[PDB]
Amino acid sequence: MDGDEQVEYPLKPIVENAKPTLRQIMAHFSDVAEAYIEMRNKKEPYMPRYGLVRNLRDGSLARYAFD
Amino acid sequence: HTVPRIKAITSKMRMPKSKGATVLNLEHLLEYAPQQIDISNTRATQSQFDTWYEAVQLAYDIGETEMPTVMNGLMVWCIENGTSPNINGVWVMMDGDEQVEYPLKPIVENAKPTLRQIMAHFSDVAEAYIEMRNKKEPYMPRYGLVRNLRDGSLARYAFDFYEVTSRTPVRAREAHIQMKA
Amino acid sequence: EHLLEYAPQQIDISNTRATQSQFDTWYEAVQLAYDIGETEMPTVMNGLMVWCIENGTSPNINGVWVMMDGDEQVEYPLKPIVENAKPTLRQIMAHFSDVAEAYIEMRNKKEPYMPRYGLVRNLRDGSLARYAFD
């Protein structure tokens, strides 16, 4: 995102050089993601789309609701 | 804070070149857009069709004001039969429940390269004639009739000298695969 | 040593494209046979690619190919073109294969354009037509 416009990047290099799996390597960011979600939830009701569409409804828990 | 955008690499096109000089003329190429109907290996060139049409006129010895009638029956005759008949023989037309015949030697001998590849000029019109006939009776050309085919509506695309372009329906386009198998 | 910097383009070392010498002989020999000035031959080859898109690349040795001047036909003998093409007309005219994509895309931007080869090859896809010549 650059000021209400979209820039795109190819996804082939990202999801192909991720051994063993993208989940098991991007989990390095899982610790920081809590800080980002908490910061966002301090200005608006923020809920990640994963736990959003997982029958879940709790708000405060949203800090722990990504894949 | 410029959020780097993946740089775009434009793979430069490779013009054919001889002795360090481009062969294609890029200018003329940008407006050289002829009809698909024109540049084909099926249809005969306008010169070859002109020679055939003129040579047939001299052999039959018929006035140019009346020849349109003669060629009017030539297309109809060639729909009902093939486009590679016997060199020696006749084709039949019609004046009120009687037959008039014309020798077939001049027609099938001055047709370069082949009678199919030169009579295909009539292939566009033949669709209009067949559709008109099918609007009053179940009409089927004898070629697709005896080619294991049974479809009725398709009959507009079931003669021997049919040429195929980009505007033929897929049902018509896939049909010629099976008949010409 | 040399192997660490010997990195030529893939376009160059192929068994499909003809060598620059063989393409040079064909382009020069056709010029002598047709007897056309080098300043005007670009026009002639401009229609040769378009003609070979609409048909195959293995036609009859004896015959003609058609070009166009304002709804009229001009023909050129096909014997010199298909006889001085070593090893084969397909393997030497493939120099034009890169440009042909640009021409087809330009045509398809104004009408539904499909080369007659892929047209009569059981194929039906439209956007793919940029990659459907012989």
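Residues numbered from 1 in each chain as written, not as in the entry; some residues may be left out. Chains lettered and ligands numbered in written order. Part of a larger assembly, values for the part shown. Heavy atoms only, no water.

- Structure determination for this PDB entry was carried out by cryo-EM, with a resolution of 3.58 Å recorded in the header.

- For chain C, the name recorded in the PDB entry is Genome polyprotein (Fragment), with Potato virus Y strain NTN as its organism.
- As deposited in the PDB, this entry carries the title "Virus-like Particle based on PVY coat protein with RNA-free helical architecture".
- Under the UniProt heading Sequence similarities (unreviewed entry), the entry covering chain C gives this text: "Belongs to the potyviridae genome polyprotein family."
- UniProt, in the comment section headed Function (unreviewed entry), describes chain C in these words: "Involved in aphid transmission, cell-to-cell and systemis movement, encapsidation of the viral RNA and in the regulation of viral RNA amplification." (UniProt positions renumbered as here; feature names shortened; annotations may be inferred.)

- Going by the PDB entry, chain A carries the name Genome polyprotein (Fragment) and comes from Potato virus Y strain NTN.

**Remarks on the overall build of chain C**
And then number 1: A count of helical and extended segments in chain C gives six helices and two strands.
And then number 2: Each helix (α) and strand (β) of chain C, taken in turn from the N terminus, gives the series α-α-β-β-α-α-α-α.
And then number 3: Based on the C-alpha atoms only, the size of chain C along its principal axes is roughly 60 × 40 × 25 Å.
And then number 4: Split into buried and exposed, the 134 residues of chain C put 40% on the buried side.
And then number 5: Put simply, of all contacts in chain C between residues at least 6 apart along the chain, 52% involve residues at least 24 apart. (Helix = DSSP H or I, 4+ residues; strand = E, 2+ residues; numbered from the N terminus. Buried < 20%, exposed > 50% of the residue type's maximum accessible area, 1.4 Å probe, protein only. Contact = heavy atoms within 4.5 Å.)

**A closer look at the interface of chain B and chain A**
And then number 1: In this complex, chain B contributes five residues to the contact, which on the side of chain A involves seven residues.
And then number 2: Both sides together, the interface formed by chain B and chain A hides about 470 Å², and carbon and sulfur atoms give 50% of it.
And then number 3: Looking only at chain B, the three residues that lose the most surface to chain A are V3(B), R5(B) and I6(B), adding up to 87% of its buried area.
And then number 4: Along the contact surface separating chain B from chain A lie two salt bridges.
And then number 5: For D2(A), the salt bridge identified is with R5(B), shortest N-O distance 3.8 Å. (Buried area = accessible area lost by both parts, 1.4 Å probe. Salt bridge = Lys/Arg side-chain N within 4 Å of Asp/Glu carboxyl O.)

**Some points on the side chain of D2(A)**
And then number 1: Among the structural elements, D2(A) can be located in the segment before α1 (12-16).
And then number 2: A relative accessible area of 18% means that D2(A) is categorised as buried.

**Examining the interface of chain B and chain C**
And then number 1: Listed by partner, the interface residues are 30 residues for chain B and 39 residues for chain C.
And then number 2: Of the roughly 3,500 Å² buried where chain B meets chain C, counting both sides, 60% is carbon and sulfur surface.
And then number 3: At the surface where chain B touches chain C, the tally comes to one salt bridge.
And then number 4: A salt bridge links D24(C) to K19(B), with the shortest nitrogen-to-oxygen separation between them at 3.0 Å.
And then number 5: At the junction of chain B with chain C, the criterion picks out 11 residue pairs in polar contact.
And then number 6: Every element with two or more residues in the side of chain B that touches chain C is listed here: α1 (26-29), α2 (46-60) and α8 (170-179) of chain B.
And then number 7: Examining the composition of the side of chain B that touches chain C, we find that three residues originate from one element, α8(B), more than from any other.
And then number 8: Taken together, the residues that form the side of chain B that touches chain C break down as 14 nonpolar, 11 polar and five charged. (Polar contact = N/O pair within 3.5 Å; in protein donor to acceptor, adjacent residues only side chain to side chain. Nonpolar A, V, L, I, M, F, W, Y, C, P; charged D, E, K, R; others polar.)

**Observations concerning the nonpolar core**
And then number 1: Grouped together as the largest cluster of nonpolar side chains are 38 residues, with contacts concentrated most on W26(C), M45(C), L48(C), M49(C), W65(C), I81(C) and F96(C).
And then number 2: Of all elements in the fold, only α1 (20-34), α2 (41-54), β1 (64-66), α4 (89-93) and α5 (97-108) of chain C reach the threshold of two or more residues within this core.
And then number 3: In terms of residue count, the dominant contributor to this core is α2(C) (nine residues).
And then number 4: Excluding residues within four positions of it along the chain, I81(C) makes contact with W26(C), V30(C), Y34(C), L48(C), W65(C) and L89(C).
And then number 5: Membership of the second largest hydrophobic core comes to 31 residues, among which are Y60(B), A111(B), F122(B) and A126(B). (Core = buried A, V, L, I, M, F, W, Y, C linked by side-chain atoms within 4.5 Å.)

**Describing the packing of aromatic side chains**
And then number 1: For the structure shown, the criterion picks out 11 aromatic pairs over all chains.
And then number 2: With a centroid separation of 5.9 Å and an interplanar angle of 40°, the aromatic rings of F49(B) and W52(B) are classed as tilted. With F49(B) and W52(B) both in helix α2 and three residues apart, the pair spans about one turn of that helix.
And then number 3: Taking relative accessible area as the criterion, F49(B) reaches 14% and is therefore assigned buried.
And then number 4: The buried category is assigned to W52(B), whose relative accessible area is 1%.
And then number 5: On the basis of an interplanar angle of 45° and a centroid distance of 4.9 Å, the ring pair of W65(C) and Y76(C) is categorised as tilted. Pair noted here: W65(C) is in strand β1 and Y76(C) is in strand β2 (residues 75-77), with a separation of 11 residues, a long-range link. (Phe/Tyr/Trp six-rings, centres within 6.5 Å; stacked < 30°, edge-to-face > 60°.)

**Some details on the arrangement of the chains**
And then number 1: With two pairs of chains in contact overall, the contact-richest pair is chains B and C.
And then number 2: With no contact formed, the shortest span from any C-alpha in chain A to any C-alpha in chain C equals 22 Å.

**Comments concerning a nonpolar patch on the surface**
And then number 1: A contiguous nonpolar patch, built from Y9(A), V3(B) and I6(B) and spanning about 270 Å² of accessible area, is present on the exposed surface.
And then number 2: Summarising the element assignment, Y9(A) is placed in the segment before α1.
And then number 3: We classify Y9(A) as partly exposed; its relative accessible area is 43%. (Patch = residues over 30% accessible without salt bridge, like charges linked within 9 Å, V, L, I, M, F, W, Y side chains within 5 Å. Areas by Shrake-Rupley, 256 points an atom, 1.4 Å probe, with all protein chains shown as cover.)

**Observations concerning the environment of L52(A)**
And then number 1: Structurally, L52(A) is set in helix α4 (residues 49-52).
And then number 2: Taking the C-alpha atoms as reference, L52(A) lies 9.5 Å from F66(A); in sequence the two are 14 residues apart.

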